[PDB]
Protein chains: 4
Amino acid sequence: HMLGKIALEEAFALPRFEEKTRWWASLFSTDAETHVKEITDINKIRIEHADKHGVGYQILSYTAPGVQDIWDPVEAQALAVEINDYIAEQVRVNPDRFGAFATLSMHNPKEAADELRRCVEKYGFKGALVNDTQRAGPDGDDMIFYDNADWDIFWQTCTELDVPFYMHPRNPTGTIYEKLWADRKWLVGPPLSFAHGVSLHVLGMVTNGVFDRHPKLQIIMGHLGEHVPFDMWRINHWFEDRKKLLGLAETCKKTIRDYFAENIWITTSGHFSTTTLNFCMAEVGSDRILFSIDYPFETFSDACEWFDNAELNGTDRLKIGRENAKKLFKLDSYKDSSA
Amino acid sequence: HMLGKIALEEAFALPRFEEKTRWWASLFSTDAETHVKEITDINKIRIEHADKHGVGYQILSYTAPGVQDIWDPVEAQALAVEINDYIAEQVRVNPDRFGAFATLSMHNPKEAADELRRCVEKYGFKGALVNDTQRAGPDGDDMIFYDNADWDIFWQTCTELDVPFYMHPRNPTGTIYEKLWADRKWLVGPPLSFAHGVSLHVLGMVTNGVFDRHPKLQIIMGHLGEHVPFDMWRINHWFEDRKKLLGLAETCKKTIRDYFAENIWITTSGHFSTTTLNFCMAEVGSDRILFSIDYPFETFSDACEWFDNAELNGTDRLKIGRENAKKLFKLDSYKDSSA
Amino acid sequence: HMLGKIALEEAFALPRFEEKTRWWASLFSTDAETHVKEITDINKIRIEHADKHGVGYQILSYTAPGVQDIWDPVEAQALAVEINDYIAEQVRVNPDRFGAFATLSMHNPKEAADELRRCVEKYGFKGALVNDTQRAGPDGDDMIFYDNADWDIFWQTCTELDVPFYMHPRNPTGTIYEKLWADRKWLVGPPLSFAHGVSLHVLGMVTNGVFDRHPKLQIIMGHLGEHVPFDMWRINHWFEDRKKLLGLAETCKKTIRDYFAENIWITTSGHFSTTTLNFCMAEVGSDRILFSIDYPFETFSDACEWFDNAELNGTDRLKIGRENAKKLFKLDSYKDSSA
Amino acid sequence: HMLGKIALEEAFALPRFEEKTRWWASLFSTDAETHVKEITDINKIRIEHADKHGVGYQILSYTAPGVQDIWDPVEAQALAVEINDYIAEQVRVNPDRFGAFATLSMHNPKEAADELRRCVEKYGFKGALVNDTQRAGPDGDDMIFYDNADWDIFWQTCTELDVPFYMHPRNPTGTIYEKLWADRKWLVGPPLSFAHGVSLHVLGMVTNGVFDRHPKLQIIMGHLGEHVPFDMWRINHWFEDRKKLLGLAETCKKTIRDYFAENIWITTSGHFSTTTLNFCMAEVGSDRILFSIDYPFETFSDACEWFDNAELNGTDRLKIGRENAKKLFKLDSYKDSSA
Ligand SMILES: [Mg+2]
Ligand SMILES: [Mg+2]
Ligand SMILES: [Mg+2]
Ligand SMILES: [Mg+2]
Ligand SMILES: [Mg+2]
Ligand SMILES: [Mg+2]
């Protein structure tokens, strides 16, 4: 029904990574051959789906774990550059249907900032999408988080370009995988592990002052906010009435509710629940919620049939379906953008 | 207003552990001296609070991390026995106001089963409360989870005695603490880390078949279910429409919704939110929700003023406030139990 | 999808009233020919629909306005008797799938009490369904309400037999129709007028003490309670904090919430909204909510595809879909009643 | 706690009408002496309350039933003019804290249009507030509704001036009162009758095409929309899937949801329920909801302690508390308007 929807947690993979794509599909797809075709296609199948389901514009991003899985920094950087150059060429075929987020190696703040800048200035990319922490160390068992002073140069590039950063999940790896997940491996990914990573990282940015140093910064979480809205009351209470009397206020100057009003966005990717959406409208506000699909891990049909037919007031259907994202991403037109 | 409420996430500590109690208070209390007094008191201050706030009956349990912090199995077992003997003596002073959960060393299934049995048969304890995984290994850096075949003898003791098991959180420790939490330490405890542990463990029990082998088993989570209700739609979708087509069905025979209807309970401890309660009533059902406080980490006043004054239908106020727990714990009377 | 559902706002009309059936259908059906066939059929089409949509048992009642439109008391009573004798014979064809509510002339309390008793004792009817006030007076411009002492003999018959009374709507007529509805006639029926009538009458029963004199009496409203749950807070406030200090307490001894917990039920007829259902769960409680369809004004498909696919915890899906009604109507087994 | 809130269902009475004030207070106040003082005071007590409770600006309007109770058109028009002249002088004492809605005789469209224009152009009033239908006829038993072509000249004046019209309730009178309310009189006012009147009139405006002929017109309902949001699903279904196929489309060209997105607003007057507010956020959207109090029928303390402490995201707290009304009424600065 609604046309001109915007989706922005929508993944692609390079054709040359077929073995890696099949491994990820073995965990998260029930049809590996269709998955390979869909995750690598840009301008045919994806357009056909979008045309059937009222999706005017998609901001595309690299599949997880993507560059965040690559612990050799030279290899990781070369891969990010390769991906960005590739997708820029592909989305030129349909500029009224596609934009792109930058894919980044996050081993080094300045390097990541320069590549984001190249993507925005040269190609008109819409922001960055990164799959949680950067794998690092000689065998990839370490993790680089971005919630510290090293990353100020990077966050300032985001605010200067005035583009958002999407904190996407990745799988647990190395010792964390072995200690917590291997004996309950069916919880890896959407059932639990993904949200544990993203919520940790974003709440780390909150409590380490990233949004105080960079109050213009916009961070996006998928999956209706990776559990955080469920605990908005509890986090707020344990911040304002507990931890902020014990030292948290030194590095965290606003409430969790303020950060969701001013800095944080959530999307509907992979979480096609009107009951949960309504609860998020209460705890986060419809102005801060964006439609998204999570293709090809989720189908256009599941996401769009859900959203198009959900019981919702017309004002919020318009905002969540497209108008919030239109404003955030400064889109002056695209296919069906005012339908 | 409502009298005869039951609370059952209510902690005590042994007087001899004053230094340890002060350390935990330094993280989670804004008034260490009052905290020490309240966590060690059983029969004076706690009764005064309950009398003011309409709490008829409290099931008491040992503070976290408690015995789960003790990696020497001989020491841990001796401590559990000591705690159970102690609290049995203390609650004899007010048997119409207090019951107790067993405190257990969870290093060994048979040992834990025998001590639970002793507590139930000798002292009339109401179940077990355990602070997530058992610390183990020479320096306590390993973790023992209970979602595997070793623990069948223990879960069968729970179902034979027909008493529930409360999966309470504990703090992250060792390598997990260093890798994930030390650089964002204000998230330790109620803001995030606690729920990550409990949800992992309980969803591990689900996906490893514990509730299929032990369909009578009742597991309780605090804090409105440690995020799980927020993702009921998403977990259910990623189980029934994804992982159960890839191998999960071999060890997981019912839906996540079935397990919440048949095996899992949530309490309101530390989560005094009518908006979130309403959402949990939708996703879990009021029949499966129990009032609780989380004293002395939370105050009676905060929990009871919230619940007593929350907008709620009378049927569910009665059930959540006491009648659900009255039935689950087979309470035929206690102070104000039918007021 | 759930089997063995119970629906109980399910209408029929006598074959000899085709003209009246067509007049009503001209207001409320988009396919009059199908409507005529469906509202008169009992044992064929209704079973075809119920078999496709998981409805095990239907409690049938007479179409609105039915006997309540008949202001001649002799004609009205004869019609009620005729209808009850008719439907008792029809349900005997397939008693495993159908029960019936009594149809009554409500001109005279004793007369209506005697006919309800005959229906329960002779035919095993499940209660009464009445279309709001009884038209009366020489030209049918008066209306008989049941919220006064003259009706005590009738309400005592309901409680003695221990069967519920379903307060169904009827159209506005006479002077009320001309003054309020004729100039906005598209609001007649489900859009507004029906709920105005039923809510007035039931809240009349509340404020005139019917449920105080007859505390066992069970009253059922369709359409998720005819707006009343929306104003549960506002009614409760304007009773307990206002009118109960000005004289209402003389004739109304409990709160509106008490009456919903003890006396009043709501059904899902004609209101296939999960968002509104959730809100009713909060304001009324799932123990007091019954599935129903409103056939043939609504389709089995709309009601059952909604309910069967609604996001809902399994506990409440079972209660609302059948278990609440199984208990309330003391039902023997019926098709799929324990599926 | 939020400062600079705007309230706009805030009543006053003329000092010379003490007897009428006391009669109304005998129905709707538990402290008549305080009520008399509060409803007549403008500039002292109202400011004391607003200063304590974070209310920066109050748009005042005339008490119900007000001019709508006056069936002599000459007396009614003279009274409306008197009231507007009176309140314009009162608000000039403290214009930073107060504005006013026009009080109108609604016997004649052109007359009411001319008086609304005088109030806006001469006094800077913010719109009109009218207590439902105008009593009329020789004995006041008739009622004038505004949902027809005779009122086009009036609705065009509202859109030309670009000011809203607040449809406030009044009591039932005359034949309607005797037939429906006299025997259940405790339902008169906030418990039920008020909402029945307003919802009828506004849904009359919908179904008679007022918002099609006047698409810019803004209509406001108090009391969270006078039940209408509860039936948003049911009305929409019975319009789009039923009545719109039977003739309603001839006079009603959009959906009920479209009219709530484009034309209709709701306020929180007298309905201090977060659960119901959340439901209205879903069904109507926070962009269309305005804080209000209903003083002096409700207290500042009840309304403001509720709203200031309600669990709500910060985006919507700001919009509902003041920013929606600041935009709708084109407000200059007032006390704490940007606090
Ligand atoms: Mg190949
Ligand atoms: Mg994704
Ligand atoms: Mg000491
Ligand atoms: Mg605790
Ligand atoms: Mg019906
Ligand atoms: Mg008012």
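Structure determination for this PDB entry was carried out by X-ray crystallography, with a resolution of 1.21 Å recorded in the header.

Caption draft 1: Broad picture of the overall build of chain A. For chain A, the count of helices and strands is 14 helices and 10 strands. Radius of gyration (C-alpha) of chain A: 19 Å, near the 20 Å computed for a compact globule of 339 residues. When the backbone C-alpha atoms are referred to their principal axes, chain A occupies close to 55 × 50 × 45 Å. Of the contacts made within chain A by residues no fewer than 6 positions apart, 78% connect residues no fewer than 24 positions apart. Element-wise, carbon and sulfur atoms account for 52% of the exposed surface of chain A, whose accessible area totals about 10,800 Å². For chain A, the distance from the average site of its 37 positive side-chain charges to the average site of its 52 negative ones is 3 Å.

Caption draft 2: Expanded view of the interface of chain D and chain C. Listed by partner, the interface residues are 66 residues for chain D and 66 residues for chain C. Taking both sides of the interface into account, the surface hidden between chain D and chain C amounts to around 6,000 Å²; carbon and sulfur atoms contribute 65%. Per-residue buried area on chain D facing chain C is highest for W186, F230 and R234 of chain D; these three make up 15% of the total on that side. Seen at the junction of chain D and chain C, the total is eight salt bridges. The salt bridge partner of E298 of chain C is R242 of chain D, with a shortest N-O separation of 3.6 Å. The interface formed by chain D and chain C contains 25 residue pairs in polar contact. Counting only elements with at least two residues in the side of chain D that touches chain C, the list comes to α1 (18–28), β6 (142–144), α7 (174–181), α8 (193–207), α10 (232–240) and α12 (274–283) of chain D. Counting residues per element, the side of chain D that touches chain C draws most heavily on α8 of chain D, at seven residues. Class assignment for the residues of the side of chain D that touches chain C results in 31 nonpolar, 20 polar and 15 charged.

Caption draft 3: Main features of the coordination of the magnesium ion (ligand 2). All names here are of chain A. Within the protein, the atoms that donate to the magnesium ion (ligand 2) are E9 (OE), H168 (NE2) and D294 (OD), at distances of 2.1 to 2.2 Å. Sequence spacing among the residues donating to the magnesium ion (ligand 2) works out to E-x158-H-x125-D. You can see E9 sitting in strand β1 (residues 5–12) and its partner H168 sitting in strand β7 (residues 165–168), a full 159 residues away along the chain. Like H168, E9 is buried.

Caption draft 4: Spatial organisation of the pattern of salt bridges. In this structure the tally under the stated criterion is 114 salt bridges over all chains. The salt bridge involving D85 of chain B is made with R118 of chain B; its shortest N-O contact spans 2.9 Å. Here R118 of chain B lies in helix α5 (residues 109–123) and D85 of chain B lies in helix α4 (residues 73–91), a separation of 33 residues in the sequence. According to the relative accessible area criterion, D85 of chain B is partly exposed, its value standing at 29%. What makes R118 of chain B partly exposed here is its relative accessible area of 24%. With a shortest N-O distance of 2.8 Å, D114 of chain D and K110 of chain D are connected by a salt bridge. Highlighted residues: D114 of chain D and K110 of chain D, both in helix α5 (residues 109–123), separated by four residues, approximately one helical turn. Take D114 of chain D: its relative accessible area is 36%, and that puts it in the partly exposed class. For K110 of chain D, a relative accessible area of 44% corresponds to the partly exposed category. Among the charged side chains, a network of salt bridges with common partners joins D287, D316 and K319 of chain A together with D287, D316 and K319 of chain D.

Caption draft 5: Region of the structure containing the relation of the copies chain D and chain C. The operation relating chain D to chain C is a screw motion whose rotation component is 180 degrees, with 0.0 Å of axial translation and a residual RMSD of 0.0 Å. Read as a symmetry element, the transformation amounts to a two-fold axis. Of all interface residues in chain D, 100% are interface residues in chain C too; the two copies therefore contact each other through one and the same surface.

Caption draft 6: A look at the relation of the copies chain D and chain B. Of the transformation superimposing chain D on chain B, the axial component is 0.0 Å and the angular component is 180 degrees, with the fit at an RMSD of 0.2 Å. Take the interface residues of chain D: 100% of them recur as interface residues in chain B, which is what a same-surface contact looks like.

Caption draft 7: How the structure looks around the packing of helix α5 (residues 109–123) of chain C against helix α6 (residues 152–161) of chain C. Residues and elements named next belong to chain C. Between α5 and α6, the least distance of the axes is 8 Å, while the angle of their chain directions is 15 degrees. Between α5 and α6, the crossing angle belongs to the class labelled roughly parallel. The two elements α5 and α6 meet at a crossing, and its hand is right-handed. Where α5 abuts α6, its residues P109, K110, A112, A113, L116, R117, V120 and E121 lie against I153, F154, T157, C158, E160 and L161. Looking at side-chain class alone, the contact of α5 with α6 contains nine nonpolar, one polar and four charged residues.

Caption draft 8: Structural view of the nonpolar core. Among the nonpolar cores identified, the biggest contains 210 residues, and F154, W155 and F165 of chain C together with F154, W155 and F165 of chain D are the most heavily contacted of them. Non-local contacts of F165 of chain D, meaning those with residues more than four positions away in its chain, are made with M106, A128, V130, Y146, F154, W155, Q218, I219 and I220 of chain D. Counting 209 residues, the second largest nonpolar core, distinct from the first, contains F272 of chain A together with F98, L116 and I144 of chain B.

Caption draft 9: Looking closely at the interface of chain D and chain B. With six residues of chain D in contact, the opposing surface of chain B contributes six residues. Both sides together, the interface formed by chain D and chain B hides about 390 Å², and carbon and sulfur atoms give 23% of it. By the criterion of area lost to chain B, the three top residues of chain D are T275, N278 and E311 of chain D, representing 81% of everything that side buries. Across the chain D-chain B interface, the total number found is zero salt bridges. Here chain D is connected to chain B by four residue pairs in polar contact. Among the residues making up the side of chain D that touches chain B, the classes are represented as no nonpolar, five polar and one charged.

Caption draft 10: Region of the structure containing the pairing of strand β2 (residues 55–62) of chain B. Residues and elements named next belong to chain B. Of all eight residues in β2, eight are buried, a share of seventy percent or more. Where strand β1 (residues 5–12) lies against β2, six bridges are found, and the strand directions are parallel. Bridge pairing in β2 links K5 to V55. The pairing of β2 with strand β3 (residues 98–100) spans three bridges and is parallel. The partner of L60 across the bridge, within β3, is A100.

Caption draft 11: Spotlight on the UniProt feature "domain: Amidohydrolase-related" (unreviewed entry) in chain A. Taking the numbering used here, the UniProt-annotated feature "domain: Amidohydrolase-related" (unreviewed entry) corresponds to residues 65–331 of chain A. Annotated as residues 65–331 of chain A, this span is 46% helix and 10% strand, and its ends, taken at the C-alpha atoms, are 28 Å apart.

Caption draft 12: Fine view of the sheet that holds strand β9 (residues 264–267) of chain C. Residue and element names in this part refer to chain C. On the basis of which strands lie adjacent, the open sheet formed by five strands has the order β4-β7-β8-β9-β10 and parallel pairing. One side of each edge strand has no neighbouring strand; the edge strands of this open sheet are β4 (128–131) and β10 (289–290). Set on the sheet, helix α8 (residues 193–207) makes contact with β7 (165–168), β8 (219–221) and β9; between it and β7 the angle comes to about 140 degrees.

Caption draft 13: Structural detail: the sheet that holds strand β8 (residues 219–221) of chain A. Residues and elements named next belong to chain A. What the five strands build is an open sheet, ordered β4-β7-β8-β9-β10; its pairing is parallel. Pairing within the sheet leaves two strands with one partner each, and these edge strands are β4 (128–131) and β10 (289–290). Two elements, β4 and β7, share four bridges in a ladder whose sense is parallel. In the strand pairing of β7, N131 is matched with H168.

The rules we used
Residues numbered from 1 in each chain as written, not as in the entry; some residues may be left out. Chains lettered and ligands numbered in written order. Heavy atoms only, no water. Helix = DSSP H or I, 4+ residues; strand = E, 2+ residues; numbered from the N terminus. Rg over C-alpha atoms; globule rule 2.2 N^0.38 Å. Contact = heavy atoms within 4.5 Å. Areas by Shrake-Rupley, 256 points an atom, 1.4 Å probe, with all protein chains shown as cover. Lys, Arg positive; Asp, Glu negative; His and termini not counted. Charge placed at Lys NZ, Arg CZ, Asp CG, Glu CD. Buried area = accessible area lost by both parts, 1.4 Å probe. Salt bridge = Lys/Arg side-chain N within 4 Å of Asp/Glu carboxyl O. Polar contact = N/O pair within 3.5 Å; in protein donor to acceptor, adjacent residues only side chain to side chain. Nonpolar A, V, L, I, M, F, W, Y, C, P; charged D, E, K, R; others polar. Donors = N, O, S within 2.8 Å, 3.2 Å for Na, K, Ca; no water. Buried < 20%, exposed > 50% of the residue type's maximum accessible area, 1.4 Å probe, protein only. Least-squares fit on C-alpha atoms. Axes fitted to C-alpha atoms, helices over the stretch in contact; angles between N-to-C directions. Parallel < 35°, antiparallel > 145°, perpendicular 65-115°, else oblique. Left-handed = near helix turned anticlockwise from the far one by under 90°. Core = buried A, V, L, I, M, F, W, Y, C linked by side-chain atoms within 4.5 Å. Pairing = 2+ DSSP bridges. UniProt positions renumbered as here; feature names shortened; annotations may be inferred.

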